[PDB]
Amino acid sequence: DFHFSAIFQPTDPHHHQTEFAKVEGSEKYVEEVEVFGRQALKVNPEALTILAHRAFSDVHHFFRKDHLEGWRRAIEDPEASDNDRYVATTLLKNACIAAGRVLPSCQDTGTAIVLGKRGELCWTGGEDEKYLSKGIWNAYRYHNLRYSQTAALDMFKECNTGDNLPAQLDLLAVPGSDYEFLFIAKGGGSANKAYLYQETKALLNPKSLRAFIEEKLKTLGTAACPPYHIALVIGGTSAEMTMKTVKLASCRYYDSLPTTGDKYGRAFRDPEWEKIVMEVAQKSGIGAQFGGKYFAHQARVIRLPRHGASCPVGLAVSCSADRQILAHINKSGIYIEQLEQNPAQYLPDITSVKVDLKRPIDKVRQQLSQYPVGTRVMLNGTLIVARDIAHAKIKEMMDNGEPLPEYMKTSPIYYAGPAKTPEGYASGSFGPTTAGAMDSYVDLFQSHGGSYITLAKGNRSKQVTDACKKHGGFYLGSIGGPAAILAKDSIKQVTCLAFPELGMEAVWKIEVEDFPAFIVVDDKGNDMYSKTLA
């Protein structure tokens, strides 16, 4: 009566539907042997370093076809809004710059995540973690990427690790003698939009599930740079299993799962509810960051078994920096997924207010006050750059009696942290970070005569709308994601002004030209997300 049924039963477990390229000459790293009648593969661990290094270089300059097709859909769909088409065109042009292999597609070159599946008879010598980490170290050290990892010296004392390590290394034991991989360069912003809900059987009916989806999609907002790949996982054997599944779903790792359940509790993809998620996303009006139809590229919905007393639910997105690469090592060598090297083919063959920042900031506020939310502006002049740690350090100084520093009162505040500057370039990739993380500082800083104008991406909380109304302030929404084209075209000079020890989180002073943004919050209580994200 016993019948074993694996939870996950992909019809394409080795991802034959994906195109792979062989690393030239890499068969020298493997040797086929036979022990106790069984075929085994000896793998020189240097192969892991070579593979991880190439994966975490290529993935910052190229995208999958299904990602690029989504941007083209947003440009060509008559139902797309004008802002949809503008955002998608910007992101596609950004991808063309990134394909030059100098600037990464986003300034947040992400956390390095490795899912590895080492066969029982795949013999590496056992030091997989170190050799994979050395390849990741190589990719971020010798390329124009960013060191994004923050070490805790104690509970509250932090420092940047200076090399984007440690990585997340999830190495699984599986049958056979090969070594299979999914590499993910996961941005912090989309990582923040991985949510776990503890629900019940009361959710598991069409009316409740639909209302649930409508409610939760709005909590994603625009804070992870849509158009999104939206993943939704209903059920699971534990919270961590549910969240791992929703991560992999967002990477389209589970696309070949069956589409029906059975009495053994196997996982399945649900196309009907994927369509419902897409319908909710499109009808939400949230759009590709600034109102419209293209909140989502596509949806993945996976139904999992559950303990009778439990119903964990996971919701997560892949952002505009959609970065994953499949790979495998076998008797023929090292193979790595082929990404699209000519994104320009997705660009079709076929209006804003000039804002001079080189003025007293009160004159800039006066000009911005003339326009409603949703107005597109082009910024020209100085920005002062500061994000999470710089804001916390400055509040700490003020809590100790010190004044808000003068450099927080002279120019708009750009929430951003740059990637490393290529030789001969004025700036590395340098797009905005998520605005919501700074929300608790705006009222305090504005009441002390600074931060009247902020520039970042993502919808913000009500306290920021109230502060801007109380203090005559503005929040400007940059397009989220196009860090390479912003660096190449808009950022003319970068200098470090304060807190050099914070690395990418230092206070910078930059000079920009033709920097596009939308007025998201004005000085009158208006918010261009108040209807779609209410």
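Residue numbers run from 1 along the displayed sequence.
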Residue 350 to residue 351: deposited residues not modelled, binned count -> 4 to 9
When mean C-alpha B-factors in the record are compared for 352 to 360 and 161 to 169, the larger belongs to 352 to 360
Avg C-alpha B-factor, entry values, 492 to 500 vs 61 to 69, higher side is 492 to 500
Reading the B-factor column for Cα atoms of 175, 401, 432, 188, the highest value belongs to 401
In this crystal structure's PDB entry, the residue among 108, 120, 129, 423 with the greatest CA B factor is 423
Binned into thirds over the chain's modelled residues, the C-alpha B-factor of residue 13 lands in the middle
The third of the chain into which the C-alpha temperature factor of residue 227 falls is the lowest
Residue 479: CA B-factor among chain residues, third -> lowest
Residue 115: C-alpha B-factor third of its chain, per the entry, is the lowest
Of the three thirds of the chain ranked by Cα temperature factor, residue 205 occupies the lowest
